[PDB]
Each structure stands twice: as C-alpha cells, then as structure tokens.
Amino acid sequence: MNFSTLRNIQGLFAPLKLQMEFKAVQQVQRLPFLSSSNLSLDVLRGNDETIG
Amino acid sequence: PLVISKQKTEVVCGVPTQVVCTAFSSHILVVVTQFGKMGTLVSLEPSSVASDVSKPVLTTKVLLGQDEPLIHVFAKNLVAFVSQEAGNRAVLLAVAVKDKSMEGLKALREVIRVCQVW
Amino acid sequence: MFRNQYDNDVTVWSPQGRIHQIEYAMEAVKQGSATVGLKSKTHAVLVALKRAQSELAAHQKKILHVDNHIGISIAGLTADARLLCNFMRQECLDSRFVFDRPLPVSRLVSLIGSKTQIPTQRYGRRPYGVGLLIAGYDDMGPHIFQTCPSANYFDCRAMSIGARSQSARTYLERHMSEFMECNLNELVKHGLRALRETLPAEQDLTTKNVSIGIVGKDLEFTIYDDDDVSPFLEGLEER
Amino acid sequence: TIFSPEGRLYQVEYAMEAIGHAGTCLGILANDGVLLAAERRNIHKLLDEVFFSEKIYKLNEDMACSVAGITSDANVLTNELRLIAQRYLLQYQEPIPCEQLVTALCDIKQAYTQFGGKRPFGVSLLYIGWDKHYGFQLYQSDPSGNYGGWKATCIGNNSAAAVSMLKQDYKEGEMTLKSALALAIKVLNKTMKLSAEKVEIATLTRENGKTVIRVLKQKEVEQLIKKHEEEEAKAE
Amino acid sequence: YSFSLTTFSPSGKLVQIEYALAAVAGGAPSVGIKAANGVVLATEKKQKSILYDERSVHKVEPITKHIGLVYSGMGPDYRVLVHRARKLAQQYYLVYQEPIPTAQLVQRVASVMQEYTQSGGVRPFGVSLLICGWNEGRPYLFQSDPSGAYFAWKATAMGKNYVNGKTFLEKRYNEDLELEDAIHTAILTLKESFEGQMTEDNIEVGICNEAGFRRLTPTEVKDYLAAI
Amino acid sequence: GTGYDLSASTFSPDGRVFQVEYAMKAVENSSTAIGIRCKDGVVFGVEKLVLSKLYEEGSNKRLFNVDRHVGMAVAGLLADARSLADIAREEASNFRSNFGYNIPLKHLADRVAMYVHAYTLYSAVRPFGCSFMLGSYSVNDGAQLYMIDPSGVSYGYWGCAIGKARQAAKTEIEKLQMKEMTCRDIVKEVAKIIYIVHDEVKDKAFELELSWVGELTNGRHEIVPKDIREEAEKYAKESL
Amino acid sequence: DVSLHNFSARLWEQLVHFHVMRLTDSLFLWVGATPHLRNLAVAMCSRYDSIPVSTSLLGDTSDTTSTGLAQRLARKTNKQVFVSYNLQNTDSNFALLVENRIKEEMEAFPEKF
Amino acid sequence: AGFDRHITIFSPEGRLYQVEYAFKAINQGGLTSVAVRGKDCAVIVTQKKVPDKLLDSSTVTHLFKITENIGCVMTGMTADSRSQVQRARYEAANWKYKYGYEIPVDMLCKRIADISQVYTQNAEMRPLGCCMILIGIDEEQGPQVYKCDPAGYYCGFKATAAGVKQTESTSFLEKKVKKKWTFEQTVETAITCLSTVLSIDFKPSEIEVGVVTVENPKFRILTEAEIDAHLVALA
Amino acid sequence: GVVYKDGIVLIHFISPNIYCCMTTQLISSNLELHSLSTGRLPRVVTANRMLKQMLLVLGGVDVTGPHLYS
C-alpha cells in the first residue's frame, strides 16, 4: 500500500491531493529557529498514535 | 558508518573508468570519471509540478562545468533508473568522460547497477 | 474602474470570467520587431527585421538554429526565448541520440504548448512573454507554426508577428493564392515584399537589417546574413 | 523584520510598549549581596503554594532571574537557559559565566528580530548571580536583544519614577543588604497602598564558599514594612 | 464592543489569546478539587436530545496509569491534544524507564500549546485543561490556558459561571478535606446553576488516588447522587 | 460576493465559493457544442468560428480522439482542454496496461472529474475553465454520454449542450425522440439545431464540425464523410 | 585510485560523523549528524587573488561555514576541496570544535587526506 | 483583514465563521436524509430528485458502499461528497493493511473527523461542505449509527437527520424514541418520518433505501419493487 | 507450547492476555497506545504484524479465540 498502488487503484488525483496537503501543512519550517513539533503533519500522515 | 558506499573499476570501450556510489537520505552521489577527478557536476531532481507524482519527470541543472544539451541528455539517460529505483530521490552526478555515445552509456549503466547501494 | 482587484495575479478569475495577466503577457509580443514566415510546396522560409539602432552597440540573434530540419524566429523576451530554444534543442538531440530518427514538428510543438501551459495556473509564477514562428521539413512536407504566450499554437500557411505586422498580414492574405507553385527565389521575394510593408513609406530593405532562414527538401536549415542576402535582395522593384 | 523609513523596528517598539504595562520589578546590588523585588499583580486564596506565578526563577545554584512580560515566552526562555547552563557544565566541568549565559540568550532573542516570519519575544529579564571572574553582578535584557550591566535598575510599570528615586537615593560602595532592602521597600511603596502580601523578595549571598539563594517569608516582609512605617512615622 | 486588528491589546496582552479565552468561557462547566488524599475531577455532559448515545464519546480521559484530564472549550482540539499527551508520556517512559512526573507532562503540553501562538498561518487552541496526578504520595492539580500558562491550584472551576463556582469553593473549602467530602462538594458545585434535573448520565466524574486514575461507572455516580 | 471572491479556499456567508462560479461563467464566452446519444451510437456537433484565412484547414480542432474508442468535445479555454485531454489519455493508457481491457467510460469520467475537483480546494492553484463531454459505444454496453463541468460533477445524459447558447440548444433537443432514432437522422438533427442556435449578426461566418461513434463504425470515433456533411448542411439550410 | 575514510566523534551532546573521499589532487568532505546533504562548496588556490577562489553550489547563501572551511582547507593542502557542512547548531564555537577534530584526524592519518 | 475572512482568526466573541459558512453550505443541495437504528438492523433513507428529463437517472445516487459491511449516505456538495467517500475508502484500506483486520465504524468516523479538524487550523485550505452518516454492525455491540460534520465533531446516535428540515426530523423522531423495533418497523418509521416532514406522498422511484441486518451483515441497497412493497404495506 | 482448551499454557510480558518468549518494550508501548485509542483489548494479529515489521513464539487469547504463531 503506497503511492503507486493508490494511483493504480483510484487514479492520479489521490497522491496529488496527499502531496499538496503535505506541502501546505509543512509551510511551518525554518532553520535558525528553535525546535518544533509537527502536530498537523503527524495527524495527516497517520503516525500520531505510534512511536517510531 | 552512517553513509554506505561502494566502488569498483573496469575498462569500458578501451579506456579505464572508476565508479563510486554513496547513498544519503536525500541524495545519491554517483561518480563516473576517466581522469581521476570530478569534472562536470549535475543535479537531477523530481519536478514539483508533476501531474504523475508517482513517476515524476526529472529536471536537470548544471552546477559546475560546461552547459550543453548533450550533457543534459547524457545525465538523464544515465541516472534516470537510479533516481527511479531509489524511491524518487534526487541524484547528484559528477561525470568526466572523454567521449559520449549510446554504447558507452549502456556499458556504464551495468557498472553503475553492480555498485547498487540504494 | 472595477478591474483593480482582479488584474494582479494569474490565479484570480474576474467576475466576467477572464484572466487579465494572460492578456497582459500576450501584449508583450508587440514589443519586438516584426517577423514573416511562409511556405511553398517544397520549401519553408523565415524572414526577420533587425532593430534600427547601430550594429556596434549590440548584435541581435533573431533567427536561431534548433536542428538540421527545424529553425525558429523570436519576438518578445530574450530570457524566455533562450529557455524555449534550449528546451527544443534538448528534445531534438535526445530524440536523435536515442532513437536515431528525427523528431516530428507537430510532436515538438505539442510538447512546447504542454510545457508553456503550466505557469498559467500556479501561484507566484508568470506566463512566458515570447512569441515563436517555427519552420520545419519532415515526411509530411514543409510546415509553419505559430506559438502564443497563452499556450496556444496554430498551423499556418503564412503568418507575421511582432510590432506593426498588420500590413504584412494583409499583404500575405492578399497574395496567398500563388505561394504553392512558387520556387525558392519567388518565395523569398514574396517574404521580403511582405516584410517591407511594416516600414515607413521612404525606408527600404538593406543588407544590414535583414536576416533570412531557409529549409526545404534536400537542403538543411541555413541562415543568411550581412552580404549573404545580396542575391535575394537583387531583383526587387521600387515600392 | 522591516526597516521604517526613519530606521526603526515597529515590532520591537510594539513589544517594548506592551511590556511597559506589565508588573514592576526591582534590582539592587550591594557590597555583600544582590536582591530582587517584584509585584504580585494577581493573587487568590486557593493557589497551591507552589507554581503560584513565582516570578523569581532559579536557573542554577548561582543565578536567578525575574520576568516582566508574557508568561509562556518566559517559561520557554527559562527552560532554554537551563539547558544551555547544563550543557556548558557538562562540556567544560565548570559553571557558566553569567555574562556568557546572558549573551547566549540574547543571541536567540536577536535572531527572531532578523530571520523568518515569527514575532519576537515580548519579555524583559533581570539576572543576578555570582562568579569568580567578577563577583556579584546584575544585568538586564529587552526584546531587541540588547543587554548591559547595572548597579540598580527597574523594569515594568512606572519604572521611570523608580529609576529616578534609585539614582537620587543610591550611593556606591556604602550600601549593604539591610540598606538595600530598606531602599527597595521605600521605592516599591512609592511606585505602588502597599501590603506585605503583595510583594516577593529574594536575596543572594555567599556562605562559607557556597552561593545561597533564599526567598523572604511573609513574616519577614511584615517586619520590614513595619520598620519602614516606624521610620516614616519618626520622620514626621 | 471592540474589535482590534493589532497584536497586543491596550492592556498589554495578546488579542488572539483574549479571544480564545472568550471562546473557552462559553463552554460547559468543569470543577476540580484537591483533597488530603486524592484529586476529583467533574464536568457537565448535558446533551441536546435523547437521540444521543452517551456511551460513545467521553470528556474525562486517562493519559497514563496515574494521570487524567478534563477540558472546557472545543472538543476537536482536546481530542488532538490527548493523543500528543499520551505519546509524550510513552516516549518519556521508554527513554527514562520511569513514569513521567505530572509537572514534566504539563510543561511539555504547555510548550506544544505555546508553539501555535507564535507561528504564522495557524491559530491557537481554544481549550483549557485541568490535569490531576499522583507522585511520591502527594496529589497534584494543574490548570492550563490556551496560551500555555499553567498554575497549580487547590480548588478551581472554569466554563460557564466559573466566578460563582470559585466563590462557592472559597466559601466551602477545608485544608483537611476528605475524598468523599471532596466528591460531594464537587457535585454540589456542579449542581449550583444547572438549569435542569441532574441524573447519573449527564455528568462525568473521575478520581485519582495512590492506586491510579479511573473514571467512575454511572452506577457509582447514581449512588453518590443518592446521598445528596 | 464582494470580499469573499479572491480565493478558492474561502466560503461566502451564504455558503458559496465564487471562484468556481467565475470559472463556470468563463465557459459562456465560447462557441456552443452539443452531443446527442442515440439508439446505436453518439453524435457530436461543434459550431466553429473562423479567425483568419491564413490558417490551414483542420487546425484548432475541438473534437479530439482520447483513445481508439472514446471521443471528446470541449468548450472554454483551449490550453486547459488540451491538458485535460492529455490526462484522460494517460488514465486510459494506464488502465489498459494494468487491467488488460478497455476502460469503461464511467471509470474514466470519474477519474477525470476527481482530477478536476482537486483544483478547487487550495489557494495555490486556480480552477479549470473548460467543460467537455465524452462519448463511446460497445456491443455489450451500448451508447454512453457524460459531462464534466469546472466544479467537478459528472453525470450521464441522453442529450447535452455546452457553450454560450446551451439553454436554447437544450430546449431544441428536448423536442426530439432520440431513444428510437438512428445516427443517419441524428446527424441532420444536430446540424439543424446548430444552424438554428447560431447568431448571424453578432458572430461572423462559421463552419460545422460533426462526428459520431457507433455500430456502423464498429466502436470507433471518426469524422463524418464530406457527402453526408454536405447533405446535412443543405437540409439544415433549407429547413431554416 | 579513490580511497574512502570514515570516522566520528562526540561533541557537546551530539554524535558527529565525518566522511572523506580522496581523488587525484582533490578532496570531498561531508560533516553532519544525520544522513542529509543540503550544503556544498568548492575552493581552489588561484594566482589572481590572495584568498582562494570559492563559490557556493547548493544551500542557503546566509551560511558561510562550508565556504570558509573549504577555503582554509584548500590553502592548507594546495588542492581542490569540496566541503559539505550540514550541522545546524546556533552556537558559533561548535564549528571551532569540529575544525579542531578535523585537524587532529589530519595529523593522525596524513595518508588518507 | 477581518475576523470572518480568515479561518485561523477568532472573533471577539470566540467564533470561527468559516466553519459556520461551511455548515451553511450543506443546505445548498436541498435534500434531507434520515437514519434510524433498530433492535437488530440499521436503515438509511434519502430523498432523490431528478428534474431534468434529458438526464440518465441511473447515474444519480447518494448511497455509497465504503466496505462490504459498511454503508454511507452523504448530504451536501456532490463533488465534495465523492471526494470524502474516496478518502474514507483509502483510510479503510490503510487501516486493514496496517492492523490485519477490518476497521470498525467508530474508528473510521474518528479518523475522518481527525482529518477534518486539520482543515480548520490552517489558512491554505478550506473545509469540505458535506455531512457523512455511517451505519454498520459491531461484533459484540450490534447496530451502530455515526455522523460527522465539517467542524470535526462526531458522535453516536439512535436516530439522526441531516440537511434541510433536520430540526423538524429530530423533533419528530424524539417523540417516537421516547414513546418506544423490528426490521419492518424501522423502515416504516423512517419512511413515515420523511413523508410527514416533507408533506409529500412518496413513489417507489422517489427515494433510496439501504439497510444492514444482523442475519445478513452485508450492506444492501433496496430495489424499486421492494420499496414499492414496503410502501404498499405502510399504506 | 501446547494449545489447551479455551486458552494457551506456556515469559516476556508484552500486553494483557498476550505473551511472547529491547524491541518488546517498543511493541508493548505501541499496543498500549492502540488499546487506549480504541478502548478494546488488543488482538494477537496486530502484535504479529507489528513484530513482523519490527524484524519468537507468540501466544495469546482474543475475541476470536485462542491463537499461536511462530
């Protein structure tokens, strides 16, 4: 279950929507600032309830 | 070692050549030289406006060296499969080859495949 | 009066159903000098006009060489022209180097249009501001193509773009019924006569402000400039 | 992040103006110690005698600080200070100098006024501490990232009058802890009717080669204010 | 009576934080009381109709074996914060091989909340949390605002009519209060200004002890309501 | 919708998105095109305006060939229509490669409609400004006709019309009995409707473009032969 | 031929890894804590300037650590040096520790540089 | 600029007007849906409108099959509803792949609500103007009815409604539920509620009915003959 | 290692009524988070899948009945 499988099953629109959502959420990013927590990014990616 | 690399040398079309591959989490570094030095430096990245994001098109940019269409064509046809098989990751290529031809490219692709680290 | 809020970005629709930035970009083609393109049964010819300033300050490359069977002429933004020329050269070279066969002109023009359509829909980008005339020869014969900043392309029997090209267009429309049976000399004469219509009533064509590009059967794309245009210029009549 | 046509930073000016409406803090340096005095703007009977907006934080065993501004930003900055001090101690096997700590925090404060698209921290600090290089010290900070050493200073509400009275009634090289406490009480009473339950007092000193930081009790504050009342009654 | 487009209010505070606090003050009431041995949390769970299913969603949630919390404000923000709190507790347990102290968890949650008050393109959370815990045989009770400023209390209330609840708690609090009396006092505070009939299904009660944190079964709530 | 109509990520106080409405209004300044589904095929018809005599015949086509068995008719912005045609071709090719048989028109319409709808949610892009119809025929499936609009909604139709004069064309189509007719009569009916709904004074001279896919073509989309077009045009002119 | 060397050290509270690739009168150095590559620069010794000529190939233009480190290494070794410094620490004295560790490794194994 | 043109800006009274406008966008469709839970069954009934005579009525529907044992009915914008259905199917497949068993109805509803919550806290994207009602049967709990909204709030119900006339439908259902069901009684109750609220006598081709039963736990869509038989039995 | 009647008789602790014979801490924490989110006792299949992507005898009882993997 990945982007290729999603494209083959549903179509070209689903991975495009997922990547646009990821890019829109990831706009909170800067190098010379303090550490940050990516709450919305983890919620969208689905890994907000598991530990890596 | 945080970074994994492989190297191997042969003789391609009668001239010795050295191939080195090093893998990062954001780039793959491929060195193909016939002079022992890094010559033209080329960067290949997936397009950010690709409609097919599973198999996106590649954009070629020359960072250091001479800018010619042949360089772009050679780099794309040489490392497209390396970019594709690594999970759509960017490739940083340093190539210094005396003469460019399709037979030489096909011969070098096998040597690149042998040194797979991705 | 009400256009202020809707004419600053390319991703904003007007309440009338229009995008004004595309029209503004198309308005930038008329900032360059005029070009004329026409074809016959076996040949395709591009004729261009150089800027009236002195040649010491700058040398202008109005007609460019893309492949052995494709050549283009530009009018608009130099950077956009350079980008498009590099893209076309890379496409043709890749086709030859890989498949050992020439690239069809229709395929090339479709690729150009597809590439140029993208920046008209994204935020923080602007449309290309250049216009192109493409002349080529392939299995289907001679071809003349026109490209627009709005990512639209047309198939033409004869066309003129640039500043004050309406008179050239009118001449081409009037005399278009006899281009097919003409040979190279008469075709170039017709092109020069059409291009002359964009000049004031007293100026005349000179070897220092005329460029010619010719492609056809058993003849690769060639550019004639400076003293090379004398054989074509000789024989022309008074206005 | 944008220069004014006259060469000023509107965001920094707004932050300083906003801080100008916060509580009043005091700092006085003496020959044998240094103290901090603050004003408790909010108070309830149901607080749990810990984490009760205790404005005098403890960074190390040698240093302490006071805050006038946004509480959450203050918490973030104090936590960062604690990690910086611990990291320096682990690296060099030696406590960090107070000026070095202040500079380390001021660099972070200044980066936010130049980079990115985030608003600057609206917090002003007051540092007290002791080190073998210079002894007892007292510094100050502002959102723009500037800092400097002082002998007596005040930040917050009605700070101008407090500074004027401090410069009028302060003498260098002749004041001790008791005189400093009396002057601080007088200045706080003048700049604020004052009650013994509306102030917090902390002191720093050395006890046989060991820094000691203490917070004055309610009974001690009541005794001090009673002594001040007796003195002002005797004056008139 | 006033709308401002600036960052800092004329009183010296952030305008958006004041608006978020105004949003919080319109939520359902919540009450927290710390007794001699344990902490009790209570809230009002009034539903709009009988068509609802009370056994579906809960307002009192446990974070770990010894930590629980309740909210007053917007439900989705509380839901998104609970998962992050649980993840932080699990990470601390994995790293340090010991249960996380209540103060550390409150600090981390407050830092996460504060992170959203400085960046651009986002808005602050519209919730206020009450957190209870038990460490070293000593109960704890904390309250956090939308901006991330937290204080330790002995008895407090938020939501609708929280000033009257605070006055009631001030009038009827004792230093040697027991857990049963604390539960009775919390239920009485909730009953004050309830505009309805209180049953065992429209309120939620949670307690913390030395044995951990747990949510009361509705039968126990009915038994407690029988005494009153 | 003043004050709420500068982005596609904004809601109106009454619950409307005005950028999508402006995009749909952008289709109304294009020449009208119609499509009628018949008993054994689908017939397309486009009223094409001539720009100048310097253009070769057969350029600026508005009837595409998506695949071997799918026909497409567009209206609105030409570049957007060409990009959408490329997307449809890619989807059909991918389905052919994976599942090994020709894609049903329903799935293709759904995929293209979802791709179109994906551009109406974010402020970093703008909605498409074109509408189009798809036609197909099969022995075991019959005739199919679909419509996709800039909002991203797809439906099946018995008779459709898009462009500047879609209302009058729809009123004319409603009087037909296409469920029992054949293609050889539907072509003449389409020509008559196109000639009727054309404005002679506001717009200059035009040319008629016709096509079908059906049983007599064996599931292929082609261009009407010249003689049939001439007969249909003569019938339309003598009826009008 | 081409030689590869790899080593690491612990500075402050982080583990830093160093990767070195040696070519014919050339050098490539990568420094970082995570396997990322976002900076790159090259420096060469020239007779038309007193400071070695250098330029930035990848990354932000506000970071000058890679450029200066490449310039100093090229001056010291008289070679063409590529340097990729990816550490993201705000403290300005951490780069001094990194440079000292690099130097120490240089006299430790002179044949690998 | 303004407290109502920004999704990430609170009003002085602490309100988010973009979410309220998204809620208002649901009524643009003009239809009403009713879901009623029985003793061992769940029934969803929606209203079908096909005004155009040139439109193929077989292509108009609002009942969807998310999983072989989960059904759905959508109210609001058509394209938004279809996108939401596709996202729900993707999430169900991902959950099955990650955990080795089929996703429960409450978990799917929670995941959808969690996804919807993010759209309300970022300014570069807008919420979807649609409402989702899911039905299913749990292994150890029986029939279940769940409902979502653009704000990200979800809950379980015994009976619910969406779209226009939702208040009237809820008022009608409250009295019946308080008074206090077999398979025939649930369908009859839902149809009677819709008919009384709309003040229309229904025809077998004017409504869509989907059911799920403990005996047959697979989602099924009733046919026109079955709907007509139910209508005759009711009348 | 014998599947008895209505149970398994068989010791690292990974979850209630799930036992296997450090990554076990990580899997236990993940299962605890999953159980807290769902509100139900974890299944053996979830532990099996998590261990499979993690990389030995696993045995436990769930709502579906006794289980035993290798």
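Residues numbered from 1 in each chain as written, not as in the entry; some residues may be left out. Chains lettered and ligands numbered in written order. Part of a larger assembly, values for the part shown. Heavy atoms only, no water. Residues with missing side-chain atoms left out of burial classes, pairs and counts.

If you check the header, you'll see the entry was determined by cryo-EM and the resolution is listed as 2.73 Å.

Caption draft 1: Representation of the overall build of chain B within the structure. Looking only at helices and strands, one finds 2 helices and 6 strands in chain B. Each helix and strand of chain B, ordered N terminal to C terminal, gives the series β-β-β-β-β-α-β-α. Relative to the compact-globule value of 13 Å for 118 residues, chain B shows a C-alpha radius of gyration of 14 Å, a close match. Based on the C-alpha atoms only, the size of chain B along its principal axes is roughly 45 × 35 × 25 Å. Within chain B, the fraction of its 118 residues that count as buried is 53%. Of all intrachain contacts in chain B linking residues separated by at least 6 positions in sequence, the fraction that spans at least 24 positions is 60%. Per element, the accessible surface of chain B, about 5200 Å² overall, is 51% carbon and sulfur. Between the centroid of the 12 positive side chains of chain B and the centroid of its 9 negative side chains there is a distance of 4 Å. (Helix = DSSP H or I, 4+ residues; strand = E, 2+ residues; numbered from the N terminus. Rg over C-alpha atoms; globule rule 2.2 N^0.38 Å. Buried < 20%, exposed > 50% of the residue type's maximum accessible area, 1.4 Å probe, protein only. Contact = heavy atoms within 4.5 Å. Areas by Shrake-Rupley, 256 points an atom, 1.4 Å probe, with all protein chains shown as cover. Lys, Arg positive; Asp, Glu negative; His and termini not counted. Charge placed at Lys NZ, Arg CZ, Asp CG, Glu CD.)

Caption draft 2: Quick look at the overall build of chain E. Along chain E, the regular secondary structure elements total 6 helices and 10 strands. Over its C-alpha atoms chain E spans a radius of gyration of 18 Å, differing by no more than 12% from the 17 Å that the globule rule assigns to 228 residues. Projected onto the principal axes, the alpha-carbon positions of chain E cover approximately 55 × 50 × 40 Å.

Caption draft 3: Structural detail: the arrangement of the chains. Regarding chain A and chain C, the two do not touch, and the least distance separating their C-alpha atoms is 12 Å. Contact between chain D and chain F is absent, and the least distance between their C-alpha atoms amounts to 19 Å.

Caption draft 4: Layout of the interface of chain E and chain A. Between chain E and chain A, the residue contacts involve 11 residues of the former and 13 residues of the latter. For the pairing of chain E and chain A, the buried interface totals around 1000 Å² over both sides, and the portion due to carbon and sulfur atoms is 59%. In terms of surface lost to chain A, no three residues of chain E exceed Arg84, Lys87 and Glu115 of chain E, which account for 45% of the buried area on that side. A salt bridge links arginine 84 of chain E to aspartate 42 of chain A, with the shortest nitrogen-to-oxygen separation between them at 2.8 Å. Counting across the interface, chain E meets chain A through 3 residue pairs in polar contact. Residue assignment for the side of chain E that touches chain A shows that the elements contributing at least two residues are α2 (75-96) and α3 (102-115) of chain E. The element best represented in the side of chain E that touches chain A is α2 of chain E, accounting for 5 residues. Looking at the side of chain E that touches chain A residue by residue, the classes come out as 4 nonpolar, 4 polar and 3 charged. (Buried area = accessible area lost by both parts, 1.4 Å probe. Salt bridge = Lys/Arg side-chain N within 4 Å of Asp/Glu carboxyl O. Polar contact = N/O pair within 3.5 Å; in protein donor to acceptor, adjacent residues only side chain to side chain. Nonpolar A, V, L, I, M, F, W, Y, C, P; charged D, E, K, R; others polar.)

Caption draft 5: Representation of the packing of aromatic side chains in the model. Summed over all chains, the structure comprises 29 aromatic pairs over all chains. Taking the centre distance of 4.6 Å and the plane angle of 25° together, the rings of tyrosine 92 of chain E and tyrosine 96 of chain E count as stacked. In this pair, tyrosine 92 of chain E and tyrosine 96 of chain E are both assigned in helix α2, 4 residues apart and thus about one turn of the helix distant. The exposure class of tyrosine 92 of chain E is buried, given its relative accessible area of 16%. Cation over ring: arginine 206 of chain D sits above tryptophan 130 of chain D, and NZ or CZ is 3.9 Å from the ring centre. The ring of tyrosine 153 of chain C carries the charged tip of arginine 82 of chain F above its face, separated from the ring centre by 4.4 Å. (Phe/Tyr/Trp six-rings, centres within 6.5 Å; stacked < 30°, edge-to-face > 60°. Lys NZ or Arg CZ within 6 Å of the ring centre and 35° of its normal.)

Caption draft 6: Structural context of the sheet that holds strand β2 (residues 41-47) of chain H. All names here are of chain H. Strand order in the open sheet formed by 5 strands is β8-β1-β2-β9-β10, with antiparallel pairing between adjacent strands. What marks the edges here is a single partner per strand, and that holds for β8 (159-163) and β10 (220-221). Bridge count for strand β1 (residues 32-37) against β8 is 5 bridges, and the pairing is antiparallel. Within the sheet, the bridge partner assigned to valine 36 lies in β8 and is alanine 159. The strands touched by helix α5 (residues 183-198) within the sheet are β1, β2 and β9 (207-213), with β2 carrying the most contacts at an inclination of about 25°. (Pairing = 2+ DSSP bridges. Axes fitted to C-alpha atoms, helices over the stretch in contact; angles between N-to-C directions.)

Caption draft 7: Quick look at the interface of chain E and chain H. Taken together, the contact between chain E and chain H spans 28 residues of the former and 33 residues of the latter. In this assembly, chain E packs against chain H so that about 2600 Å² is buried in total across both faces, 62% of it on carbon and sulfur atoms. The largest per-residue losses of area from chain E upon contact with chain H belong to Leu51, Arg79 and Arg123 of chain E, which jointly make up 29% of the total buried on that side. Remark: the boundary between chain E and chain H carries 1 salt bridge. When the shortest N-O distance is used, the salt bridge between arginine 79 of chain E and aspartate 114 of chain H registers 2.8 Å. Viewed at the interface, chain H and chain E are joined by 10 residue pairs in polar contact.

Caption draft 8: Layout of the packing of helix α5 (residues 183-196) of chain F against helix α6 (residues 226-239) of chain F. Residue and element names in this part refer to chain F. The interhelical angle for the contact between α5 and α6, taken along N-to-C directions, is 50°, at an axis separation of 8 Å. One element, α5, and the other, α6, form an angle in the oblique class. When you trace α5 past α6, the crossing you get is right-handed. Along its contact with α5, which presents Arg184, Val187, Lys188, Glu189, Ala191, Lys192 and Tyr195, the element α6 presents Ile228, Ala232, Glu233, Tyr235, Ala236, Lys237 and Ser239. (Parallel < 35°, antiparallel > 145°, perpendicular 65-115°, else oblique. Left-handed = near helix turned anticlockwise from the far one by under 90°.)

Caption draft 9: Fine view of helix α2 (residues 102-114) of chain B. Helix length check: α2 of chain B, at 13 residues, gives a terminal C-alpha distance of 19 Å against a target of 18 Å (1.5 Å per residue), a fit within 8%. Those residues of α2 of chain B lying buried are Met102, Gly104, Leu105, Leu108, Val111 and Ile112 of chain B. For α2 of chain B, the secondary structure elements touched by its buried residues are β1 (4-12), β2 (15-23), β3 (27-33) and α1 (69-85) of chain B together with α2 (78-99) of chain C. (Expected span 1.5 Å × (residues − 1).)

Caption draft 10: Local environment of helix α3 (residues 105-118) of chain H. Taking 1.5 Å per residue, 14 residues should reach 20 Å; α3 of chain H reaches 21 Å between its end C-alpha atoms and fits that length. The buried fraction of α3 of chain H amounts to 14 of the 14 residues, a majority that puts the element mostly inside the structure.

Caption draft 11: Spotlight on the pairing of strand β4 (residues 40-46) of chain B. Residue and element names in this part refer to chain B. Of all the 7 residues making up β4, 5 are buried; the element is thus mostly covered by neighbouring parts of the structure. Here 5 bridges tie β4 to strand β6 (residues 90-96), and the two strands are oriented antiparallel to one another. Directly across from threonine 40, in β6, lies its bridge partner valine 95. Bridge analysis of β4 against strand β5 (residues 58-64) gives 6 bridges, and the strand direction is antiparallel. Each bridged residue has a counterpart across the sheet, and for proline 46 the counterpart in β5 is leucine 58.

Caption draft 12: Representation of the environment of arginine 18 of chain C in the model. Residue and element names in this part refer to chain C. Examined against the element boundaries, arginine 18 turns out to sit in the segment before α1 (20-26). Distance from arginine 18 to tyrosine 6, taken between C-alpha atoms, is 9.2 Å for residues 12 residues apart in sequence. Discounting chain neighbours no more than four positions away, the residues touching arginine 18 are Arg3, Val12, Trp13 and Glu23. Side chain to side chain, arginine 18 and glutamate 23 meet in a polar contact 3.4 Å long.

Caption draft 13: Molecular detail of the sheet that holds strand β3 (residues 63-67) of chain H. Residues and elements named next belong to chain H. Pairing is antiparallel across the open sheet formed by 5 strands, whose spatial order is β3-β4-β5-β6-β7. One side of each edge strand has no neighbouring strand; the edge strands of this open sheet are β3 and β7 (155-157). Going from strand to strand, the sheet's axes swing by 30° on average, the running direction of each strand aside. The pairing of strand β5 (residues 130-138) with strand β6 (residues 142-147) spans 6 bridges and is antiparallel. Paired with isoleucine 133 across the strands is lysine 147, a residue of β6.

Caption draft 14: Broad picture of the pattern of salt bridges. Counted under the stated rule, the structure contains 53 salt bridges over all chains. In this structure, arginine 68 of chain F engages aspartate 67 of chain F in a salt bridge whose closest nitrogen and oxygen atoms are separated by 3.5 Å. For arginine 68 of chain F, a relative accessible area of 54% gives the class exposed. Sharing partners across several salt bridges, the network here consists of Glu21 of chain A together with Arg87, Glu91 and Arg111 of chain H.

Caption draft 15: Spotlight on unusual backbone geometry. Backbone geometry at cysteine 13 of chain B places phi at a positive 55°, although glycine is not the residue there. Its place among the elements puts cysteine 13 of chain B in the loop between β1 and β2. The exposure class assigned to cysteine 13 of chain B is exposed, which follows from its relative accessible area of 65%. Positive phi, normally seen in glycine, also occurs at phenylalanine 51 of chain D, with a value near 55°. Summarising the element assignment, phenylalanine 51 of chain D is placed in the loop between β2 (34-39) and β3 (56-58). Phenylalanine 51 of chain D sits in the partly exposed class, given a relative accessible area of 37%.

Caption draft 16: Region of the structure containing a negative patch on the surface. The grouping of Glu55, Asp226, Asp227 and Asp228 of chain C at the surface amounts to a negative patch. Along the chain, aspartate 227 of chain C turns up in the loop between β10 (219-224) and α6 (230-233). (Patch = residues over 30% accessible without salt bridge, like charges linked within 9 Å, V, L, I, M, F, W, Y side chains within 5 Å.)

Caption draft 17: Expanded view of a nonpolar patch on the surface. Among the surface-exposed residues, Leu10, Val57 and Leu68 of chain I lie close enough to one another that they form a single nonpolar patch of about 240 Å² accessible area. By the secondary structure assignment, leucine 10 of chain I is in the segment before β1 (12-15).

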